[PDB]
Amino acid sequence: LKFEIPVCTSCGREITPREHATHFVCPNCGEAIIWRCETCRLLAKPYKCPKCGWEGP
Amino acid sequence: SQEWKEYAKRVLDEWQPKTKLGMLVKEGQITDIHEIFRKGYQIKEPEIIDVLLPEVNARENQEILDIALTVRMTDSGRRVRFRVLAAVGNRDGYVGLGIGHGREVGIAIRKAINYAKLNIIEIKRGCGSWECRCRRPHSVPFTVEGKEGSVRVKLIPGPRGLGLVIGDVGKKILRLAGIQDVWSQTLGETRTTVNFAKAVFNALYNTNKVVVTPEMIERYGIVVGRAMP
Amino acid sequence: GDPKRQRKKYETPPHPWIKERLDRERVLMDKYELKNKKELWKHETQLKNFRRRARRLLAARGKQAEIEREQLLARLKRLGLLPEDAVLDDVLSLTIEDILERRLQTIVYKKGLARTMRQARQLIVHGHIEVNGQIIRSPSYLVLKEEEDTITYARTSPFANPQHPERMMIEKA
Amino acid sequence: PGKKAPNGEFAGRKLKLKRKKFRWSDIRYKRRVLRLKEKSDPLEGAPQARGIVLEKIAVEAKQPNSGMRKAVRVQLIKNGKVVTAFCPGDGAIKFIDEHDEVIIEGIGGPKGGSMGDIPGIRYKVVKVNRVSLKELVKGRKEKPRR
Amino acid sequence: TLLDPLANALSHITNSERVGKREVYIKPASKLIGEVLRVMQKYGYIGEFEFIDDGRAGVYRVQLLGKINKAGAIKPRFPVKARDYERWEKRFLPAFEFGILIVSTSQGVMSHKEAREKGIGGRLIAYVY
Amino acid sequence: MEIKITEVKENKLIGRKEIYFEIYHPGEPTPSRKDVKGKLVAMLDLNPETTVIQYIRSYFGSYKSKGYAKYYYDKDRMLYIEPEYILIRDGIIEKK
RNA sequence: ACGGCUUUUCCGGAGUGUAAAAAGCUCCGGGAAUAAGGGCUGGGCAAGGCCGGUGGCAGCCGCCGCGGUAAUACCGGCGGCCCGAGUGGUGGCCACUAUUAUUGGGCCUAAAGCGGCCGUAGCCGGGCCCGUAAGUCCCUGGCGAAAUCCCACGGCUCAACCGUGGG
Ligand SMILES: [Mg+2]
Ligand SMILES: [Mg+2]
Ligand SMILES: [Mg+2]
Ligand SMILES: [Mg+2]
Ligand SMILES: [Mg+2]
Ligand SMILES: [Mg+2]
Ligand SMILES: [Mg+2]
Ligand SMILES: [Mg+2]
Ligand SMILES: [Mg+2]
Ligand SMILES: [Mg+2]
Ligand SMILES: [Mg+2]
Ligand SMILES: [Mg+2]
Ligand SMILES: [Mg+2]
Ligand SMILES: [Mg+2]
Ligand SMILES: [Mg+2]
Ligand SMILES: [Mg+2]
Ligand SMILES: [Mg+2]
Ligand SMILES: [Zn+2]
Ligand SMILES: [Zn+2]
Ligand SMILES: [Zn+2]
C-alpha cells in the first residue's frame, strides 16, 4: 500500500513537505486530530472539531 | 542495497541523538523516510538522512554543481573564500540542494554536502504529455514553474525517451530526483548558476502545491516519493 | 520558386565536443565495428523518425490516422523490431541497439558464419553471403524477419565447402 | 503603463501598423532593407577581390600590446579604390613586392569588420601572383618569375 | 469604465481563493455569468450559488471550496472549429486533460469536452483549472 | 545452362509470337546469343531463319538471366516490321 | 615475426550490353598486391604542465587574452584529439534572440509616459425581453493542373531513384 497525505481541517488543502504547519488533539474533547496549514495559521482562520463541534483558535 | 543497509546499521548503533526527531529515529518509532515530512519538524542532524536514506552517500548520487572563489578586501591584502554549490538525491523521489563555505575547497565541499541533506524534499512524478499517455512516473505530471533572482524556469511534461531538454545544471538536478524526460522554457540570467539551480529546485518543490482529484492520480500515474513496485 | 534538391538522410550533432556523448558513441562504434560516425548517425536518425511518427499518431484521431497507426505497427514487426502482439506505446521503448542488431554484418556474425565482426564485413563486401538466393554486398542492409533464416554462404563461394581451410577455422570457434 | 494595446478583435490594422513602425528601430532590419552596406562597400558585395600593390607599410598594435604589423596598400582592379590589407604569417612580408598582384578577402572580425589589436585593417592577403601565400610562408612551393 | 462583467467575476474569484475566502459576491450579474457558474459547479470547482435581487442587475452569492488553481476570461473571444481544440488546450491548460475551456455554441454554453463529443465549434470565453 | 519458358503470347496483328524466358547458370558466363537461339529453336520447333532474339540481360548478384525473343511466321513480314539494327546484331543479315 | 585466407577495388581475357561505342553486369587467369588527408591541441571546447628555438622583437588573437631570457597560448620536434575522401578560409540568409514580443518584451532609480488639459475619426463599451441571420459553428454540391511533401506495397542487389494506391 501507500500512505495518506494529511489535509488541513480549515481549508482542506494538502500539507506540503516543509511548511510551518501544526497538528494537535481537539482541546475540548480530545477525540479528533486538528491540522492547520501555514496560511490558515498566518491569517488566524477559525477551525471546528468534527466530533464535538467546538470551534475557534 | 546490501552495502547501504549495513552502512545504515553501523551509523545507527554508534550515534547519540541530540534532537527530539533524532531520538524518535534512534528508538525505532520512525522507520520510513516519508514519515519526517508534512508535520513541521525541524531537521538538524544529518544522521537522520543517513539512517533513513543511506544511498545519498554514494558517489553516483552526489553532484558538485559549482565552485567559486570570492574576495574580501583589507589593508593587508585580499582574503579569499571558497563557495561550493552541491546536490544529492536517491534517483527515485527525494532530492536536496546545499551551499557551503570554507578557507579551503575540501571544507566547503564537506559542509555543502552536509547542508544538502538537511534541505531534503519529496516531490511528485507522473506522465502528462499530450503525445505520450503511459501512466508511468518518468516526467513531471503537469507543467510547473519556479523562480530565484532574475531567473524564471518552466518545466513541461515530455514523451518517454525524449531526454532532458534543459541546461546542464537542470539536467543534473532532475536526474538526481529520478526524472528522465522534460521540456523547458527560461527567462533571466541562466549563467548565474546558484540562481538557476535554486529556480529548478523550487519548480520541483512546487509539484506539491497543485490541487488534484483522485481521478487525476489514475490518469497521470502520479507517484509521491518512491515508485514502490 | 526553386526546383527540388536532394537532402541528407542523417542529422549531425548540435555540438561537436560534448564528453558524455563522445564516450557513448565511441563504445557503440567499437562494439559494432562501424566505419565512421555518419554511418552510426544514419541509424540514429532512423530511430528518431520512428518515434516521431508514434508521437504524432498518439495525439491524432480520425480515419487516416488509424490506417497509418496499423501501417507503422505492421512495418515495425516485419523488420523484426517488435513482437507480434506489440502496441503503439511499445514504439517509445526502442533503443539504438535494437536497430544495430538488424544489420546484415551483425546477423552474419551472430549466426556463426564468421569469427569476428570485421570478418563478417569482409565476407559481405567480397561477395560470399547470399540472402534468399541473392548476393548483397551492403553490410548496413537491415534484414527482414521472414528472410533471416535463409542466409547462407553463396553457392559459388569458396566457403561453400566444409573442407575449406578458412571455414574450418571459423567452425572451430 | 497600462495593458499593452490594441488587444481588440477588430483592431488588426492598428496592430500591424504599430509593429511596422517600431521595426525601423532595429538597426539590423534598417540596414538590410535600405541596402546601406552595398552603398559603401569597396568590394561591391564580393567575397574576394584582386588588386595591385602600391607600397608596404607597418601599423602599430593597440594598447596594451606592442609590436609592428606588416601590411600593404592595394589598388583594386574593379573600381580603382585603395585599401589596406594585412599579410599573415612569420616573414610573410618578404614574399611581397611592389607592382605585384594580390587576392584579398575579409579579415574576419566582429560584424564583418576588423579584429584583434589592429582596428582599421579589414582585409588580408591570400594569394600573391596567383600562388597561395600560406604555402610560400611554409615552403612547399616557390614564387615564380624571381 | 466597466467593459466586461465576466472578466471581473473570474479575476475576483481567483483573487479570493488565494487568500482562503469561503464565499464571494459577484456584483453586476447577467445570464452568461450564470451559465458559466453552472458549468463550473458541474465539474466541482464551486459549491452552491444563488441569485439575489436588488433593483439593479442583480447579485450572485457563491460558495468556494479551495479547489481552483486558476480561472480567467479569454479576450478576444476567438472562434474555434470542432477538431481544433488541442492547440488551445496547450495554450491555456497544464496537461492533456487537465481543466476545462468554456465555449459558447449555438447549442448553449458548455465545456470543450462536451462540445468536442457533440462535434461542434464555437467561441472561447473562459478557462478554469 | 537450363532454360525455363515463362510466357508465350500470340500477336496476330503483327503476325508473330513473343517469348519470355529465364536461363539458370551458376558459375558460368552469360550465355551467347547463338547458344540461346539454338536451344530455343530445338525446344519449340521453330524455323531458325525467322527467330529473332530481342535481348539477354544479367543482373547484379544473380545466377540467372532474363531474355526476350520473337518468332515470325513469314520472312517478309519480319523484314518489313523489325528494325535493321536488330537483324544485323542477330546475324540474320549482313551489314553493308 | 611467423603460418594461412580473400579479391570489393587493380591488370590481362570471353560473353552480354549499345544505333555504333563506352560504362554496367555474369564468368576465367595473376596478386595484399594498386589506394589518407585536412584542421586543432590556455578557456569557451575533445585533446601535453614534455623537449629545442625566440625574448614586448618576431608572431598569435571570432571573443576573453598570450609574448618584457625559466612561454602548457608564438616557431619547430615528438606525442594527443575531432572529422574523414574529404577537411579548413571568406561573404550571405535562418536559428541563437522573449535583441521586434499575436502566441510573448519593456518605460521610479538602467534606453523609454507628450509640461498640462479639452476634444474629431478610429479602437473598446452596463442589465433584461422580442425579431433578424451579416459575422460565427455544423452538413453537403463545384473548384484550387502536374511535379514537389508524408505513409504502405511493388521494380532496379538494398538504397538514392521510379511505379500503384491512401493522405
Ligand atoms: Mg586599516
Ligand atoms: Mg528573491
Ligand atoms: Mg539576458
Ligand atoms: Mg522565377
Ligand atoms: Mg579539455
Ligand atoms: Mg581565427
Ligand atoms: Mg620553452
Ligand atoms: Mg606546437
Ligand atoms: Mg528588454
Ligand atoms: Mg507626464
Ligand atoms: Mg480626451
Ligand atoms: Mg452587453
Ligand atoms: Mg452563414
Ligand atoms: Mg498538385
Ligand atoms: Mg528486387
Ligand atoms: Mg523499397
Ligand atoms: Mg514518383
Ligand atoms: Zn489551511
Ligand atoms: Zn472535539
Ligand atoms: Zn509517458
# chains A, B, ... in the order shown; residues from 1 in each chain; ligands from 1
call {"tool": "interface_residues", "arguments": {"of": "chain E", "to": "chain G", "cutoff": "6 Å", "atoms": "only C-alpha atoms (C1' of nucleotides)", "output": "list in words"}}
result
residues 3, 57, 121 and 122 of chain E
call {"tool": "residues_around", "arguments": {"residues": "residue G:24", "least_positions_apart": "2", "cutoff": "12 Å", "atoms": "only C-alpha atoms (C1' of nucleotides)", "output": "VMD selection string"}}
result
(chain F and resid 57 to 60) or (chain G and resid 16 to 18 22 26)
call {"tool": "residues_around", "arguments": {"residues": "residue F:14", "least_positions_apart": "3", "cutoff": "10 Å", "atoms": "only C-alpha atoms (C1' of nucleotides)", "output": "list in words"}}
result
residues 10, 11, 17, 72, 77, 78 and 81 of chain F
call {"tool": "residues_around", "arguments": {"residues": "stretch 70-78 of chain E", "least_positions_apart": "3", "cutoff": "6 Å", "atoms": "only C-alpha atoms (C1' of nucleotides)", "output": "list in words"}}
result
residues 9 of chain D; 7, 10, 123, 124, 125, 126, 127, 128 and 129 of chain E
call {"tool": "closest_residue", "arguments": {"among": "G:98, G:25, G:71, G:32", "to": "residue B:187", "atoms": "only C-alpha atoms (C1' of nucleotides)"}}
result
G:98
call {"tool": "residues_near_ligand", "arguments": {"ligand": "ligand 2", "cutoff": "10 Å", "atoms": "only C-alpha atoms (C1' of nucleotides) and all ligand atoms", "output": "list in words"}}
result
residues 147, 148, 149, 150, 151 and 195 of chain B
call {"tool": "closest_residue", "arguments": {"among": "C:88, C:104, C:82, C:28", "to": "chain G", "atoms": "only C-alpha atoms (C1' of nucleotides)"}}
result
C:104
call {"tool": "interface_residues", "arguments": {"of": "chain B", "to": "chain C", "cutoff": "9 Å", "atoms": "only C-alpha atoms", "output": "PyMOL selection string"}}
result
chain B and resi 130-134+159-161
call {"tool": "residues_near_ligand", "arguments": {"ligand": "ligand 18", "cutoff": "10 Å", "atoms": "only C-alpha atoms (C1' of nucleotides) and all ligand atoms", "output": "list in words"}}
result
residues 7, 8, 9, 10, 11, 12, 13, 14, 15, 21, 35, 36, 37, 38, 39, 40, 41, 42, 43, 44, 45, 46 and 47 of chain A; 19, 20 and 66 of chain E
call {"tool": "decode", "arguments": {"residues": "stretch 81-103 of chain G", "atoms": "N, CA and C atoms (P, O5', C5', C4', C3', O3' and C1' of nucleotides)", "output": "PDB file, in the first residue's frame"}}
result
ATOM      1  P     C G  81      44.143  10.161 -28.983  1.00  0.00           P
ATOM      2  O5'   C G  81      43.276  11.486 -29.146  1.00  0.00           O
ATOM      3  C5'   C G  81      42.438  11.956 -28.102  1.00  0.00           C
ATOM      4  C4'   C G  81      41.702  13.202 -28.518  1.00  0.00           C
ATOM      5  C3'   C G  81      40.762  13.054 -29.705  1.00  0.00           C
ATOM      6  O3'   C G  81      39.499  12.530 -29.342  1.00  0.00           O
ATOM      7  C1'   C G  81      42.123  14.954 -30.017  1.00  0.00           C
ATOM      8  P     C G  82      38.594  11.727 -30.398  1.00  0.00           P
ATOM      9  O5'   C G  82      38.053  12.842 -31.399  1.00  0.00           O
ATOM     10  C5'   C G  82      37.091  13.803 -30.994  1.00  0.00           C
ATOM     11  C4'   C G  82      36.758  14.740 -32.127  1.00  0.00           C
ATOM     12  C3'   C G  82      36.253  14.077 -33.399  1.00  0.00           C
ATOM     13  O3'   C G  82      34.868  13.783 -33.352  1.00  0.00           O
ATOM     14  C1'   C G  82      37.947  15.633 -33.943  1.00  0.00           C
ATOM     15  P     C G  83      34.306  12.416 -33.973  1.00  0.00           P
ATOM     16  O5'   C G  83      34.407  12.636 -35.548  1.00  0.00           O
ATOM     17  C5'   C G  83      33.493  13.494 -36.209  1.00  0.00           C
ATOM     18  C4'   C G  83      34.035  14.048 -37.503  1.00  0.00           C
ATOM     19  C3'   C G  83      34.255  13.065 -38.637  1.00  0.00           C
ATOM     20  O3'   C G  83      33.064  12.616 -39.262  1.00  0.00           O
ATOM     21  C1'   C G  83      36.094  14.517 -38.516  1.00  0.00           C
ATOM     22  P     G G  84      32.986  11.131 -39.878  1.00  0.00           P
ATOM     23  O5'   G G  84      34.086  11.124 -41.033  1.00  0.00           O
ATOM     24  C5'   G G  84      33.883  11.821 -42.254  1.00  0.00           C
ATOM     25  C4'   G G  84      35.129  11.838 -43.108  1.00  0.00           C
ATOM     26  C3'   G G  84      35.536  10.514 -43.747  1.00  0.00           C
ATOM     27  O3'   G G  84      34.817  10.229 -44.937  1.00  0.00           O
ATOM     28  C1'   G G  84      37.424  11.521 -42.744  1.00  0.00           C
ATOM     29  P     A G  85      34.687   8.728 -45.500  1.00  0.00           P
ATOM     30  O5'   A G  85      35.751   8.649 -46.684  1.00  0.00           O
ATOM     31  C5'   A G  85      35.386   8.932 -48.031  1.00  0.00           C
ATOM     32  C4'   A G  85      35.664  10.370 -48.404  1.00  0.00           C
ATOM     33  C3'   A G  85      35.409  10.726 -49.870  1.00  0.00           C
ATOM     34  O3'   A G  85      34.937  12.073 -49.963  1.00  0.00           O
ATOM     35  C1'   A G  85      37.659  11.183 -49.327  1.00  0.00           C
ATOM     36  P     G G  86      33.452  12.471 -49.496  1.00  0.00           P
ATOM     37  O5'   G G  86      33.595  12.730 -47.929  1.00  0.00           O
ATOM     38  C5'   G G  86      33.984  13.996 -47.416  1.00  0.00           C
ATOM     39  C4'   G G  86      35.384  13.981 -46.849  1.00  0.00           C
ATOM     40  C3'   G G  86      35.738  15.166 -45.955  1.00  0.00           C
ATOM     41  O3'   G G  86      35.342  14.974 -44.609  1.00  0.00           O
ATOM     42  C1'   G G  86      37.428  14.880 -47.580  1.00  0.00           C
ATOM     43  P     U G  87      34.461  16.073 -43.841  1.00  0.00           P
ATOM     44  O5'   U G  87      35.523  17.072 -43.197  1.00  0.00           O
ATOM     45  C5'   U G  87      36.627  16.610 -42.432  1.00  0.00           C
ATOM     46  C4'   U G  87      37.810  17.541 -42.558  1.00  0.00           C
ATOM     47  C3'   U G  87      37.560  19.007 -42.216  1.00  0.00           C
ATOM     48  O3'   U G  87      37.637  19.266 -40.823  1.00  0.00           O
ATOM     49  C1'   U G  87      38.746  18.848 -44.267  1.00  0.00           C
ATOM     50  P     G G  88      37.080  20.638 -40.196  1.00  0.00           P
ATOM     51  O5'   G G  88      38.165  21.745 -40.584  1.00  0.00           O
ATOM     52  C5'   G G  88      37.803  23.107 -40.778  1.00  0.00           C
ATOM     53  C4'   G G  88      38.956  23.922 -41.313  1.00  0.00           C
ATOM     54  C3'   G G  88      38.649  25.370 -41.682  1.00  0.00           C
ATOM     55  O3'   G G  88      38.646  26.256 -40.574  1.00  0.00           O
ATOM     56  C1'   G G  88      39.823  24.346 -43.454  1.00  0.00           C
ATOM     57  P     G G  89      37.709  27.568 -40.576  1.00  0.00           P
ATOM     58  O5'   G G  89      38.285  28.492 -41.741  1.00  0.00           O
ATOM     59  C5'   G G  89      39.485  29.239 -41.585  1.00  0.00           C
ATOM     60  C4'   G G  89      39.741  30.148 -42.765  1.00  0.00           C
ATOM     61  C3'   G G  89      38.690  31.216 -43.037  1.00  0.00           C
ATOM     62  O3'   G G  89      38.829  32.353 -42.204  1.00  0.00           O
ATOM     63  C1'   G G  89      39.251  30.130 -45.060  1.00  0.00           C
ATOM     64  P     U G  90      37.552  33.250 -41.828  1.00  0.00           P
ATOM     65  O5'   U G  90      37.069  33.865 -43.218  1.00  0.00           O
ATOM     66  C5'   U G  90      37.700  35.003 -43.782  1.00  0.00           C
ATOM     67  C4'   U G  90      37.019  35.463 -45.052  1.00  0.00           C
ATOM     68  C3'   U G  90      35.558  35.871 -44.940  1.00  0.00           C
ATOM     69  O3'   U G  90      35.354  37.152 -44.366  1.00  0.00           O
ATOM     70  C1'   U G  90      35.835  34.500 -46.836  1.00  0.00           C
ATOM     71  P     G G  91      34.024  37.459 -43.510  1.00  0.00           P
ATOM     72  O5'   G G  91      32.865  37.603 -44.597  1.00  0.00           O
ATOM     73  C5'   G G  91      32.819  38.700 -45.497  1.00  0.00           C
ATOM     74  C4'   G G  91      31.785  38.499 -46.579  1.00  0.00           C
ATOM     75  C3'   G G  91      30.350  38.229 -46.131  1.00  0.00           C
ATOM     76  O3'   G G  91      29.639  39.392 -45.732  1.00  0.00           O
ATOM     77  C1'   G G  91      30.937  36.673 -47.783  1.00  0.00           C
ATOM     78  P     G G  92      28.453  39.302 -44.643  1.00  0.00           P
ATOM     79  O5'   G G  92      27.262  38.540 -45.383  1.00  0.00           O
ATOM     80  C5'   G G  92      26.509  39.165 -46.412  1.00  0.00           C
ATOM     81  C4'   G G  92      25.453  38.249 -46.994  1.00  0.00           C
ATOM     82  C3'   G G  92      24.339  37.777 -46.065  1.00  0.00           C
ATOM     83  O3'   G G  92      23.318  38.746 -45.878  1.00  0.00           O
ATOM     84  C1'   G G  92      25.144  35.951 -47.348  1.00  0.00           C
ATOM     85  P     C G  93      22.516  38.855 -44.488  1.00  0.00           P
ATOM     86  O5'   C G  93      21.473  37.647 -44.522  1.00  0.00           O
ATOM     87  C5'   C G  93      20.281  37.707 -45.297  1.00  0.00           C
ATOM     88  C4'   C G  93      19.521  36.402 -45.258  1.00  0.00           C
ATOM     89  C3'   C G  93      19.037  35.932 -43.888  1.00  0.00           C
ATOM     90  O3'   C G  93      17.828  36.553 -43.478  1.00  0.00           O
ATOM     91  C1'   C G  93      20.074  34.131 -45.031  1.00  0.00           C
ATOM     92  P     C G  94      17.508  36.801 -41.919  1.00  0.00           P
ATOM     93  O5'   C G  94      17.211  35.352 -41.313  1.00  0.00           O
ATOM     94  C5'   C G  94      16.060  34.609 -41.690  1.00  0.00           C
ATOM     95  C4'   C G  94      16.067  33.197 -41.141  1.00  0.00           C
ATOM     96  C3'   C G  94      16.246  33.024 -39.636  1.00  0.00           C
ATOM     97  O3'   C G  94      15.068  33.278 -38.886  1.00  0.00           O
ATOM     98  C1'   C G  94      17.599  31.456 -40.779  1.00  0.00           C
ATOM     99  P     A G  95      15.134  33.730 -37.338  1.00  0.00           P
ATOM    100  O5'   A G  95      15.863  32.542 -36.566  1.00  0.00           O
ATOM    101  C5'   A G  95      15.203  31.327 -36.243  1.00  0.00           C
ATOM    102  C4'   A G  95      16.167  30.323 -35.656  1.00  0.00           C
ATOM    103  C3'   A G  95      16.765  30.680 -34.300  1.00  0.00           C
ATOM    104  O3'   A G  95      15.907  30.355 -33.219  1.00  0.00           O
ATOM    105  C1'   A G  95      18.491  29.989 -35.760  1.00  0.00           C
ATOM    106  P     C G  96      15.716  31.362 -31.984  1.00  0.00           P
ATOM    107  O5'   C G  96      17.141  31.405 -31.273  1.00  0.00           O
ATOM    108  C5'   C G  96      17.685  30.257 -30.638  1.00  0.00           C
ATOM    109  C4'   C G  96      19.160  30.421 -30.366  1.00  0.00           C
ATOM    110  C3'   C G  96      19.556  31.599 -29.484  1.00  0.00           C
ATOM    111  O3'   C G  96      19.416  31.343 -28.098  1.00  0.00           O
ATOM    112  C1'   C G  96      20.919  31.573 -31.410  1.00  0.00           C
ATOM    113  P     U G  97      19.096  32.538 -27.072  1.00  0.00           P
ATOM    114  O5'   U G  97      17.887  33.319 -27.751  1.00  0.00           O
ATOM    115  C5'   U G  97      17.116  34.277 -27.027  1.00  0.00           C
ATOM    116  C4'   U G  97      16.384  35.231 -27.943  1.00  0.00           C
ATOM    117  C3'   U G  97      15.814  34.621 -29.219  1.00  0.00           C
ATOM    118  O3'   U G  97      14.578  35.259 -29.540  1.00  0.00           O
ATOM    119  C1'   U G  97      17.363  36.338 -29.772  1.00  0.00           C
ATOM    120  P     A G  98      13.181  34.494 -29.328  1.00  0.00           P
ATOM    121  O5'   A G  98      12.336  35.463 -28.395  1.00  0.00           O
ATOM    122  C5'   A G  98      12.262  36.861 -28.644  1.00  0.00           C
ATOM    123  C4'   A G  98      12.171  37.644 -27.358  1.00  0.00           C
ATOM    124  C3'   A G  98      13.256  37.317 -26.336  1.00  0.00           C
ATOM    125  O3'   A G  98      13.644  38.507 -25.651  1.00  0.00           O
ATOM    126  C1'   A G  98      11.115  36.887 -25.397  1.00  0.00           C
ATOM    127  P     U G  99      15.187  38.961 -25.604  1.00  0.00           P
ATOM    128  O5'   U G  99      15.495  39.585 -27.040  1.00  0.00           O
ATOM    129  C5'   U G  99      14.818  40.746 -27.495  1.00  0.00           C
ATOM    130  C4'   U G  99      15.593  41.513 -28.542  1.00  0.00           C
ATOM    131  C3'   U G  99      15.789  40.852 -29.898  1.00  0.00           C
ATOM    132  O3'   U G  99      14.637  40.998 -30.713  1.00  0.00           O
ATOM    133  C1'   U G  99      17.775  42.000 -29.200  1.00  0.00           C
ATOM    134  P     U G 100      14.144  39.829 -31.698  1.00  0.00           P
ATOM    135  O5'   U G 100      12.719  40.325 -32.203  1.00  0.00           O
ATOM    136  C5'   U G 100      11.571  40.324 -31.355  1.00  0.00           C
ATOM    137  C4'   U G 100      10.426  41.107 -31.961  1.00  0.00           C
ATOM    138  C3'   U G 100      10.312  41.036 -33.485  1.00  0.00           C
ATOM    139  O3'   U G 100       8.943  41.171 -33.876  1.00  0.00           O
ATOM    140  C1'   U G 100      10.629  43.276 -32.831  1.00  0.00           C
ATOM    141  P     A G 101       7.891  39.964 -33.755  1.00  0.00           P
ATOM    142  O5'   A G 101       7.238  40.172 -32.318  1.00  0.00           O
ATOM    143  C5'   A G 101       6.492  39.149 -31.684  1.00  0.00           C
ATOM    144  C4'   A G 101       6.341  39.400 -30.204  1.00  0.00           C
ATOM    145  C3'   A G 101       5.569  40.649 -29.795  1.00  0.00           C
ATOM    146  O3'   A G 101       4.181  40.360 -29.756  1.00  0.00           O
ATOM    147  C1'   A G 101       7.478  40.246 -28.373  1.00  0.00           C
ATOM    148  P     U G 102       3.058  41.420 -30.179  1.00  0.00           P
ATOM    149  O5'   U G 102       1.808  40.491 -30.528  1.00  0.00           O
ATOM    150  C5'   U G 102       0.468  40.847 -30.214  1.00  0.00           C
ATOM    151  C4'   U G 102      -0.473  39.680 -30.423  1.00  0.00           C
ATOM    152  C3'   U G 102      -0.192  38.444 -29.578  1.00  0.00           C
ATOM    153  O3'   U G 102      -0.779  38.520 -28.294  1.00  0.00           O
ATOM    154  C1'   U G 102      -0.481  37.807 -31.841  1.00  0.00           C
ATOM    155  P     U G 103       0.113  38.278 -26.989  1.00  0.00           P
ATOM    156  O5'   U G 103       0.427  36.712 -27.016  1.00  0.00           O
ATOM    157  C5'   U G 103      -0.614  35.745 -27.003  1.00  0.00           C
ATOM    158  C4'   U G 103      -0.118  34.366 -27.368  1.00  0.00           C
ATOM    159  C3'   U G 103       1.166  33.907 -26.694  1.00  0.00           C
ATOM    160  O3'   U G 103       0.956  33.457 -25.371  1.00  0.00           O
ATOM    161  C1'   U G 103       1.258  33.395 -29.002  1.00  0.00           C
TER     162        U G 103
END
